[PDB]
Structures are given as structure tokens and as C-alpha cells.
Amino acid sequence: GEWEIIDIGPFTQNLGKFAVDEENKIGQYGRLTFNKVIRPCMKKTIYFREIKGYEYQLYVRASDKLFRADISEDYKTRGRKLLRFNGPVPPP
């Protein structure tokens, strides 16, 4: 399964909040305040045709800094895990 562009509406925004909420448990940057997920947002669907889960890559502004966050999502349960959180990075 491949990567595709997705929009930055409510579902993506809540992915962003998840990422920042998970990074705040780790503490690597000190306490971040979620601002917004910006374009572009990418999803990889991991797989007759049957979806197992997804991988999201997002650019998340928090505390007015840009970070790159990768999130895995389970298709059946919608359990969610923060795989990576990099930055600050410049915009794509």
C-alpha cells in the first residue's frame, strides 16, 4: 500500500493533537501547545482488499514551531501510536 495526500480537516487536526499530547508525555522538547496541522498531510494504507492499519505523516505547528510526526493507526480498533516526532523542521 502506498502513500497518498489527505486534507487537513478535523480528523487530521485531532491526529495532530494526539501527536502533541503523546510528545508531551515523553517531554523531549518541554511542554508543547498544539496549534494546527498544516498541509501537506500524507497517509499510507497498510493492507480481496482489506485494510489492516494506516501510517500518517503530518507537519504540526505547536508552540509556534514546526514538527514532523508519524502516527500509526489500527483499522479495526483505532488504537493509535506516535511512531516519530522530529523537529523543529522547516516547512515542506
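The first residue of the sequence shown is number 1, and the count goes up from there.
K.L.:
As a check of understanding, is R49 unmodelled in at least a third of the other compared entries that model its flanking residues?
P.N.:
Residue status for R49: gap in at least one third of the other entries.
K.L.:
From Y47 on to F48, does the model leave out none, 1 to 3, 4 to 9, or 10 or more residues of the deposited sequence?
P.N.:
4 to 9 residues are missing.
K.L.:
Higher mean Cα B-factor in the deposited model: 60 to 68 or 27 to 35?
P.N.:
So the stretch with the higher mean C-alpha B-factor is 27 to 35.
K.L.:
With respect to the recorded C-alpha B factors, which stretch has the higher mean value, 72 to 80 or 7 to 15?
P.N.:
The entry gives the higher C-alpha B-factor average to 72 to 80.
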